[PDB]
Amino acid sequence: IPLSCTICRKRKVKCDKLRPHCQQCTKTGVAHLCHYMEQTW
Ligand SMILES: [Zn+2]
Ligand SMILES: [Zn+2]
């Protein structure tokens, strides 16, 4: 599966992976909660 950030998976909107914060989190203003799930684990 692809990654998705922690709020984007909860609303179930398409995560974007724009650095720094997504198009979602810019617009709602949850850029603070914008972190993509790590691929190391
Ligand atoms: Zn996202
Ligand atoms: Zn995000």
# chains A, B, ... in the order shown; residues from 1 in each chain; ligands from 1
>>> residues_around(residues="residue 4 of chain A", least_positions_apart="3", cutoff="10 Å", atoms="only C-alpha atoms", output="PyMOL selection string")
chain A and resi 1+7-10+12-17+34-38
>>> write_last_selection(atoms="C-alpha atoms", output="compact mmCIF listing (two decimals), in the first residue's frame")
# COMPACT_ATOMS: atom_id res chain seq x y z
CA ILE A 1 0.00 0.00 0.00
CA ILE A 7 -5.02 12.77 9.54
CA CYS A 8 -5.51 12.05 5.85
CA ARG A 9 -5.99 8.36 6.59
CA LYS A 10 -8.62 9.20 9.22
CA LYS A 12 -9.89 9.07 4.12
CA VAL A 13 -8.89 11.72 1.68
CA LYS A 14 -6.05 11.34 -0.74
CA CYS A 15 -2.69 12.06 0.78
CA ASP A 16 -0.40 14.00 -1.45
CA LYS A 17 3.13 13.83 -0.14
CA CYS A 34 1.01 16.40 8.99
CA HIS A 35 3.46 13.56 9.25
CA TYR A 36 3.63 10.65 6.87
CA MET A 37 3.93 7.19 8.32
CA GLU A 38 7.46 5.93 8.38
>>> select_by_dssp(residues="chain A", states="helix (DSSP H, G or I)", output="list in words")
residues 8, 9, 10, 11, 23, 24, 25, 26, 27, 28, 31, 32 and 33 of chain A
>>> write_last_selection(atoms="C-alpha atoms", output="compact mmCIF listing (two decimals), in the first residue's frame")
# COMPACT_ATOMS: atom_id res chain seq x y z
CA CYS A 8 -5.51 12.05 5.85
CA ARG A 9 -5.99 8.36 6.59
CA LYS A 10 -8.62 9.20 9.22
CA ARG A 11 -10.80 11.37 7.00
CA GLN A 23 -2.60 20.05 0.04
CA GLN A 24 -5.02 18.69 2.60
CA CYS A 25 -3.22 19.96 5.71
CA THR A 26 -2.51 23.36 4.16
CA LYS A 27 -6.22 23.89 3.59
CA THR A 28 -7.57 22.66 6.91
CA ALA A 31 0.06 21.02 8.92
CA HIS A 32 1.14 20.39 12.49
CA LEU A 33 -0.51 17.02 12.34
>>> closest_residue(among="A:5, A:19, A:41, A:30", to="ligand 1", atoms="only C-alpha atoms and all ligand atoms")
A:5
>>> decode(residues="segment 5-17 of chain A", atoms="N, CA, C and O atoms", output="compact mmCIF listing (two decimals), in the first residue's frame")
# COMPACT_ATOMS: atom_id res chain seq x y z
N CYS A 5 -0.62 10.29 5.44
CA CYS A 5 -0.36 10.97 6.65
C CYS A 5 -1.49 10.70 7.59
O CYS A 5 -2.51 10.12 7.21
N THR A 6 -1.28 11.07 8.87
CA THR A 6 -2.01 10.51 9.97
C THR A 6 -3.41 11.02 10.08
O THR A 6 -4.25 10.36 10.69
N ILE A 7 -3.70 12.21 9.51
CA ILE A 7 -5.02 12.77 9.54
C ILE A 7 -5.72 12.42 8.27
O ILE A 7 -6.93 12.23 8.29
N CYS A 8 -4.96 12.33 7.15
CA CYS A 8 -5.51 12.05 5.85
C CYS A 8 -6.06 10.66 5.76
O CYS A 8 -6.98 10.41 4.99
N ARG A 9 -5.50 9.71 6.55
CA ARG A 9 -5.99 8.36 6.59
C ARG A 9 -7.27 8.27 7.40
O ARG A 9 -8.08 7.38 7.16
N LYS A 10 -7.46 9.20 8.37
CA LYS A 10 -8.62 9.20 9.22
C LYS A 10 -9.83 9.76 8.54
O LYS A 10 -10.92 9.22 8.73
N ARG A 11 -9.69 10.84 7.73
CA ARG A 11 -10.80 11.37 7.00
C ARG A 11 -11.05 10.49 5.82
O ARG A 11 -12.20 10.35 5.38
N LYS A 12 -9.96 9.91 5.28
CA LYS A 12 -9.89 9.07 4.12
C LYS A 12 -10.05 9.96 2.93
O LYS A 12 -11.01 9.87 2.17
N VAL A 13 -9.05 10.84 2.78
CA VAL A 13 -8.89 11.72 1.68
C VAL A 13 -7.59 11.28 1.13
O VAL A 13 -6.86 10.53 1.77
N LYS A 14 -7.27 11.74 -0.10
CA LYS A 14 -6.05 11.34 -0.74
C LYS A 14 -4.94 12.19 -0.22
O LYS A 14 -4.93 13.41 -0.41
N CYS A 15 -3.97 11.51 0.42
CA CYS A 15 -2.69 12.06 0.78
C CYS A 15 -1.89 12.38 -0.44
O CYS A 15 -2.14 11.85 -1.52
N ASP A 16 -0.90 13.29 -0.30
CA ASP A 16 -0.40 14.00 -1.45
C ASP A 16 1.07 13.85 -1.51
O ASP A 16 1.62 13.66 -2.59
N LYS A 17 1.71 13.93 -0.32
CA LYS A 17 3.13 13.83 -0.14
C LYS A 17 3.80 15.03 -0.74
O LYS A 17 4.82 14.90 -1.41
